[PDB]
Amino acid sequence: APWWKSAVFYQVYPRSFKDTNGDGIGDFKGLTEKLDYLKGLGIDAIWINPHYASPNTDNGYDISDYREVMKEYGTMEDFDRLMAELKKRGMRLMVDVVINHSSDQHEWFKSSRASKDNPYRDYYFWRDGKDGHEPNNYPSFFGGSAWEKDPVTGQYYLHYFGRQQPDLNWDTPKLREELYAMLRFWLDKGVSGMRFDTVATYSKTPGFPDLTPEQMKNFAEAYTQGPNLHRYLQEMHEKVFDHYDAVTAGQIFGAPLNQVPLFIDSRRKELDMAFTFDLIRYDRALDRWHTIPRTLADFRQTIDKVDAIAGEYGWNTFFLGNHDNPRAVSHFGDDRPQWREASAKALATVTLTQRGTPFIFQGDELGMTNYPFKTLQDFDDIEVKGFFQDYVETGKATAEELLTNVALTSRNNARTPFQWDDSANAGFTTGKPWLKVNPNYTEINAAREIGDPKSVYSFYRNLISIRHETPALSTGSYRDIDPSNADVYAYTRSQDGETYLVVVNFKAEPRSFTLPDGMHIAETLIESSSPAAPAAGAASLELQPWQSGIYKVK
C-alpha cells in the first residue's frame, strides 16, 4: 500500500485560512506559520485550493496564468518556502489542478478570441450560433447558457461554469501538450499530489448536439459523458504522472457511480483516487440548491455503494466537508448548542474510520458551523448569483425561497474565516475579513480547544493517532452491519485477523446496539459522549445521545 492509503489529509482553502498582512484574505505565509498546528493535529498531507494567478470571479478556479502564484497568496518564493517548510515536517503538499477551463483573462483566451484564424483559436470551443440562438441548449452551472457570444467574431464560446471561465479544448493536441508542460512545471518543483477539479468533464461531445429533455434534467451527468474522456486521462498519465512520484485525485462530479472504477482502477493507469459527490450531495436536489430530507439509512447506503466501486484496484477519498459544500456538523450532525460538540465528535469518528483516504476540511476539527446569513449580501458568490438568474429572475422561485435553501446549502458556509482564537475576527486577520467571521468564534476557536482535552479538536487529534496506529482503520475491509438501520451507524473494519467495530448514534436520544451474534467487545479504543466504556465481553452497547465509539472486538 502506497503512503497515501494510510494518510490523513487536511484541506486548506488559503483565502479563508490565515491572513498575515491585514488585507482580509488568507495567504501562504499564514498557512506556513500554521504548519506546526497542522502537524500537531497529526496531518500527513495538505490539499490546498487553487493558488494560481486569477481574477477571482470564482476564487482561484478561474486561472489567468498557471505558472504564477495568485497575488493574494504571495510570491513564488512564498510557495517555495511553504513546500520547504512542509518537507522539513515530513508533510506532503497536494495542489488543485483546474484544466477544464481557464480564466477569460488567460493570454491563451485573449489570443484565441482575437480573430477567427489564429494559433490559439482551437485552445477553446468556438461555434456559430444556430437559428438565431446559441449553438445548442447547454446550460451553465453558474447561470444561463453555457455559450457566450463574442462581438469580435460573432461566434459563441463554451463555458460550463462562469462566463469568465471558458472551457479548454482537449480535442486539440497542442492544447493538451500545453497542459502537460504546465503540470510538469509544478511537479518539477516537488509537489506531492494533484487534485483534478471536475476531471470528468474534459471531453466534449462531437458536434455539440442538443441535450435531450431527459439529459437537460441532469446536465451535470451529461457533461461527464464525453467519448474521449478516458483516452485523455490515460494520455495525461502516460505523458506526465508516469514520470513522477505524485499522487493523483480526481473530483469526479456528475458522473454515475458505476463509471468511477474507470478513473481509479490502478491497472487502467489514470488516477489514484476519487473524490465522489454521491455522499456529500446525498440530500441535495438536482437543481443543486434545494435540500431533500434523508435518513441515516440513505447516508450509510450511499457510503456502502461508494465503497463497493473501489474494489481490489481502486481507492476512494472520504470527506464530509469541502469548499463547495455546507459545514459538516450542520449538514450531517446537529449544530444546536446542546448537540454541536457531541455530533461533531461523532462525525469525526466516522471520518477517521472510513475505508479510503480521509480529507478533513479546515475548521471542522473545531466543530465550526454554518453561518447565520440574513439575506444578501452575506451570500456573495458566483454560484448563488446564477441561482438567482435561473430561478428568481425567471419567476420559478422567490428570493426568500432561494435564500431559505441556500442558507443551508451555500458553499459560503464553508468559506468563513478559520477561527483561531477569541481576538478580533477570531485571530484570522488584523483587518476586515473578505467574508464575515461567524460570531460563535468566541466559543468555537482553536486556542480554546487546543487547551481543552474534552474539545472537538482534542477528539480529532486522538482519532488521527488511533487511525495512524491501527492499520485496519485505513486499509482494512469495510462492512456495514445493517444498511437499513436509520438510528445507529455500525460497521466493522478488519485486516490481518484483527477486527474493529465502530458504533455511532445519529439520534439525540438514547439508543441500544446489539452486536451481531458471536461478536463481543474486547477493548474500547475511544468514545465520545460516553460516561463509561462497555464491559469487556459485552454483547451489547447502551448509547447516549450522539455517542460514538471505536472498539476492538473478539
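Note that residue numbering follows the sequence shown and begins at 1.
Between the stretches 50-58 and 486-494, it is 486-494 that shows the larger average CA temperature factor. For the pair 518-526 and 499-507, the mean Cα B-factor is higher in 518-526. Highest CA B-factor among the listed residues (383, 104, 221, 171): 221.
Per the PDB entry, 308 shows the highest C-alpha temperature factor of the residues 407, 308, 347, 229. Residue-level temperature factors show residue 24 in the lowest third of its chain, judged at the C-alpha atom. Residue 268: CA B factor lies in the lowest third for its chain, per the PDB record. Remark: residue 11 belongs to the lowest third of its chain, ranked by C-alpha B-factor as recorded. Compared with the other modelled residues of the chain, the Cα B-factor recorded for residue 250 ranks in the lowest third. In the PDB entry, residue 403 places in the highest third of its chain by CA B-factor.
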